[PDB]
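Residue numbering for the sequence shown follows the authors' numbering, beginning at 5 and increasing consecutively. Below is one structure, written out as structure tokens, with a few remarks after it.
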Amino acid sequence: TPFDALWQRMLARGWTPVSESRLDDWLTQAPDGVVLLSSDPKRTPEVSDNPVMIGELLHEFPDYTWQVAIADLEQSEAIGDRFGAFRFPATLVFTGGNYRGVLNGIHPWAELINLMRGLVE
């Protein structure tokens, strides 16, 4: 399937799978982290690019001890519903164990970095 490919692509980066039921536990052991929420790559082939970007965007803020989490299709909807994220691909941002916001949509790389600063600062 297409998503299975993406999922393996992310697993290879070492990112950890997470379910809504365990998110809080993961969060407590990752004060500075990011949760990637995805949709079916078939419906929107843009969900495939999101991952690669986020990877880069992260090392743009070394000040944090970033940890990446990924949710499958079902869990992404679960977690999303809990945070009001109804625009996938989405990325939940957490700093110091605190939810700062969500990066949704697709913007130029320069438009992304500044959007993050508005979340972690």
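Where is the CB? At the ideal position from N, CA and C, for every residue including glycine.
Let's see if you can read the secondary structure: which residues bound the beta strand (DSSP E) around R47? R47 -> no beta strand (DSSP E), and no H or E assigned at all.
From which residue to which residue does the alpha helix (DSSP H) around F87 run? 77-87
Any idea which residues DSSP pairs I58 with across the strands? The partner list for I58 (beta bridge, DSSP) is empty, contrary to what the question assumes.
Bridge partner(s) assigned by DSSP for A16: Partner(s): none; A16 has no beta bridge.
For the region 57-71 and the region 5-13, state whether three or more C-beta atom pairs, one from each stretch, are separated by less than 8 Å. no
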